[PDB]
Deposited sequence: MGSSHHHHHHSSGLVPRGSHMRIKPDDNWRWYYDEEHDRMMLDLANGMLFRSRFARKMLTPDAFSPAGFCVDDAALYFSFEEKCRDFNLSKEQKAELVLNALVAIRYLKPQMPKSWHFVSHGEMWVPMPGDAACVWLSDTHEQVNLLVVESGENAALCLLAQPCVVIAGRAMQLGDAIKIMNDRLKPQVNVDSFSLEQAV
C-alpha cells in the first residue's frame, strides 16, 4: 500500500494509529506523509487499536532495519515501506502459523537473526524468493516479502507481506 504522497526521519511527532476506513494499521510521519501498512484488523493484537507514540525503541528498530535493507534491489519508497511494515509486524502482528510445505528444505536449519536478508526457493519452480527476517525463533522466523511481488500456492503476495517460515527452508542471501 505504502507511503502516501511520494525524507523520512523519525521524530517525536510520529504516531501509530489504526485506520478504521482503510482497515490498516498506519503511521503518521508528522509532515503530511502517511504510511499504510500491509496489516488489517484481523491481523493485529489489541495494542493496535489505541494510538501510540513512536518511541525510542521504535526509532532504534527503524534505524537498524534501514541499514539492513540499504543494499536491497528496491526503490527508496520500497525500502522505507519494507522497514515500516517490519516495525508494524514486530509491534502489532498476532503470532502467525509457521509455513514450510511450498518451500525447498535444506536439511539442517539455518538460524536467522532479525535484520537478515534471507531466501526461500519454491518447491516446484525452484524460483528464488527474497525475504527480510524480522524476528527469529528456535524453529521458525517471521519474515516479510522483500521483493515487489511473488505468487505462492496460487496466492499473491506483495512487498512487506508477512509469512512465518520453518528454519530448514531458509538460507542467507
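Asks: If I number the deposited sequence starting at 1, which residue ranges have no C-alpha coordinates at all?
Replies: Model skips 1 to 11, 18 to 21, 189 to 200 of the deposited chain.
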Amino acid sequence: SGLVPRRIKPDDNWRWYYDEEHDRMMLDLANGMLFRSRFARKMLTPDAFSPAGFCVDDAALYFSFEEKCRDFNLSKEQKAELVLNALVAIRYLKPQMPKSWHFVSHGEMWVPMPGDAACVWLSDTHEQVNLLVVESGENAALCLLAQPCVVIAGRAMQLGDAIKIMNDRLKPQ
From here on, numbers count along this sequence of modelled residues.
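Asks: Can you let me know which of the two, 19 to 27 or 160 to 168, has the higher average C-alpha B-factor in the entry?
Replies: On average, C-alpha B-factors are higher across 19 to 27.
Asks: If you average the CA temperature factors as listed in the entry, which stretch comes out higher, 82 to 90 or 95 to 103?
Replies: Comparing 95 to 103 with 82 to 90, the higher mean C-alpha B-factor belongs to 95 to 103.
Asks: With respect to the C-alpha temperature factors reported in the PDB entry, which of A48, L61, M109, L145 ranks highest?
Replies: It is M109.
Asks: For the CA B factor values reported in this entry, which option in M113, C119, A40, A140 has the top one?
Replies: Among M113, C119, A40, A140, the highest C-alpha B-factor in the entry belongs to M113.
Asks: Going by the CA temperature factor in the PDB record, which third of the chain does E135 belong to: lowest, middle or highest?
Replies: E135: CA B-factor falls in the middle third of its chain.
Asks: For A52, return the chain-relative third of its C-alpha B-factor as stated in the PDB record: lowest, middle or highest.
Replies: Within its chain, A52 is a highest-third residue by C-alpha B-factor, going by the deposited values.
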